[PDB]
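What follows is the structure in structure tokens.
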């Protein structure tokens with residue numbers, strides 16, 4: 038059971054190479070080609086969601102899930118999922 042106030046974000050790799058994932062000031066695990074990895078943070082707020090060649094100012098609201106599509110050299114897409 039996740040604690041109330043926490044937030045989730047999916048680092049989706051839409052490219053064909055490993056991407057370096059890091060949200061805000063936290064270094065996260067790399068994501069495999071055409072793969073994805075779910076991450077979570079206790080403290081909600083606005084963070085810089087860097088995913089390899091992409092970097093989006095993804096705001097993480099409390100008690101909410103996010104899916105971030107990172108497409109190197111293409112167009113990224115953030116999806117909110119309360």
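Numbering (PDB author numbering), first residue to last: 38 to 119. By construction, the Cβ of each residue, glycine as well, lies at the ideal position given by its N, Cα and C atoms.
1) Rounded to the nearest angstrom, how far is the Cβ of residue 44 from that of residue 97, given a contact under 8 Å?
2) Just the C-alpha distance for residue 49 and residue 100, rounded to the nearest angstrom, thanks.
3) Report the rounded CA-to-CA distance for residue 62 versus residue 78, giving the unit in angstroms.
4) Under the three-state reduction of DSSP, which class applies to residue 77: helix, strand or coil?
5) Would you mind giving the Cβ-Cβ distance between residue 90 and residue 72, rounded to the nearest angstrom? I have them listed as a contact below 8 Å.
So, to answer that:
1) 4 Å
2) Approximately 20 Å between the Cα atoms of the pair.
3) 12 Å
4) Strand, per DSSP.
5) 15 Å between Cβ atoms; not a contact.
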